[PDB]
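Chain IDs A, B, C and D follow the sequence of writing; residue 1 opens each chain.
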Amino acid sequence: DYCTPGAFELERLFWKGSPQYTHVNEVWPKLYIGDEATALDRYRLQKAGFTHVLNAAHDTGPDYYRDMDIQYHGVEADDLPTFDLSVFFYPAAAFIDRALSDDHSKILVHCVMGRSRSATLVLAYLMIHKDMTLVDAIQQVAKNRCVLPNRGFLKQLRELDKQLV
Amino acid sequence: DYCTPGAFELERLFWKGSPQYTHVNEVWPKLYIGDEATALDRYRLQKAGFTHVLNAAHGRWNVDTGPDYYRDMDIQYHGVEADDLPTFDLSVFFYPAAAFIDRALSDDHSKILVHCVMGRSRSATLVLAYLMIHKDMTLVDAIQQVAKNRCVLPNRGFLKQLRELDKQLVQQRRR
Amino acid sequence: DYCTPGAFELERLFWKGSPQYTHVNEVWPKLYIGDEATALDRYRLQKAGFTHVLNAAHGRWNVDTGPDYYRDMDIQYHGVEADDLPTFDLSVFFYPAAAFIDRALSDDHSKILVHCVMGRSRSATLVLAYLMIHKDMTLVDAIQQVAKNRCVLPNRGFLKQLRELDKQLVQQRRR
Amino acid sequence: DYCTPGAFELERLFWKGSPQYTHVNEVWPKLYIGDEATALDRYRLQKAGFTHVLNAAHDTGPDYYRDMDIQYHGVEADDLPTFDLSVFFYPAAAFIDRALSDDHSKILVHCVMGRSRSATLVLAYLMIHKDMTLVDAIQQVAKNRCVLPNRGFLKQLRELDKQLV
């Protein structure tokens, strides 16, 4: 199916290809951030070898996923500066760490858009478990996916960054 | 020493931070693409643990370092004498340059600098080729992997040369 | 005072310079979108010749300036009391806010600041609407005009509100 | 024909739309920079109301364009750091200024790719005739079109910037 693109389109890739703006992206090995369409398309998830879905915008159900050997968890968060997502940094990060402990695992962290809530949980994960500063973490994720945590989530990540340092 | 920047500058990072325009960038684990300044600063290379330098602008008319320049430092050097010109056949160099990057990266301890004058065209082409040959990447995948870590733009001739390589490798991998 | 930067930083400008992430940006002639700091710095507004301030985060619970804040400065003020929330109906404000921007921009001498807290969502939405209503732009054209001068991202609700406006104006312009 | 795009695609526009990567773009009122396909598509140029083509990579011919009331000029430049494009800054800029003096005029400055040679002539134009520093000029053009003058052209523009200041 793939064919080598012509020059014009290769040049677009050098200029506009990165960070890519898509439904889902891998932001760290075996760790994907995506939107709702990606989480709901369960035939794609299973064929892509996915093993874990973390919904930072929990309704669908674990029965939707449990019929395919996918561990699900939903954090019931709103994408509003008045939601304290920091309440979930440690347990979401623990979920992600546990999943990535096994080599066979591939995890999708998602929300509606996959730009704010989910992004903030993966940032927190990288900080707590991969010894990253908030700046290093943002560089890791943002090069792979256009993300923008809301102003409140960002304040929360700054406070986590202060505690970790 | 590191402190958490304010909200305004963290935002800048989300909007403008990727790819960064800097002298050198890690574009694959232990694999850096840098410019001439980076190649020349020996204190800073040694402090960072570089074990290999591939100079994609080798020669007394280009970036005139060579193995002698890194004497006593414990660096292995590979030199490709190339011009950043669409008429220059960088493709004869693709496999052996890549083989040098691959032998370096077999050893966990190694850390390799591939540079030219700007580290945007010559060195970038060699690393794209490396990724295509040794990491099973299409030209597209390879560009995405590098462009997200470093601003690069190989010249039109180098691109066509990468395209000719890409077609072969794709054909080969149908198998 | 201004000097020509070196080659390396001029290159950065080509790769990373557009759009810039700054406090305020001109996004249409004499029309600026800025943040709260910009709205508050009166010395700097007056030095730059601002004649109009549209505060898209008006109110004592938001950016608490109002017309009194600009007393003696010769600024006309328009206040829209808005929350950056997808549930907030910014659309009732579209025509009269735009009418205020249009009356300012009729006079060559005028220079207008439209701001909110960050100048990314509330103020941006009002200016997109302005361009659509008074400069014959589609939502797409308006976004291209603003996004190339300022990093902006209206919230999902404001976007849907812009879409509802866009559909009407397009229908109207079939005529 | 136009229809209002859905949310996903509007959001791509906020993130990746600017600067746009296309065949041609307007970089200053009535002043377009484009590639060769745009210059050769003469039915499009005429319907778009174009009045002037400046080819910074002059072969096609003025007979190709003179059959449609388009003033043509070709600068025979190579996109190589060893080409001194500065020899043409004043007369190319004069051509552009003369064209833009009339309100009815719309000018296309082009080369093969429309990224280096043509870009450098429009930058020089903005500096010589619109009182811009090289930095202001780059901001004007780069927000409208992905451009990158070659390292030699850039050195030449720095030297022009020094002379003008």
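As a convention for this text, a residue touches a chain if its C-beta (ideal position, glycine included) is under 8 Å from a C-beta of that chain, and two chains touch if they have at least 3 such contacts.
Interface comparison, B-D versus A-B: the higher count of C-beta contacts falls to A-B. Distance between chain centres (mean CA atoms), subunit A to subunit C: 32 Å. A straight line joining the Cα centres of subunit C and subunit D is 28 Å long.
Multi-chain contact residues of subunit D (touching two or more other chains) are listed as 11, 15, 113, 148, 151. Viewed as a contact network, the protein chains are fully connected, with every chain touching every other. Subunit D makes touch with subunit A in their complex at residues 11-12, 15-16, 21, 113, 146.
Chain contact summary for the complex, subunit B toward subunit D: residues 85, 117-118, 153, 156.
Here subunit C touches subunit D in the complex through residues 2-5, 7, 10-11, 13-15, 17-20, 138-140, 143-144, 147-149, 152-154, 156, 159-160, 163, 166-167, 170, going by the rule given at the top.
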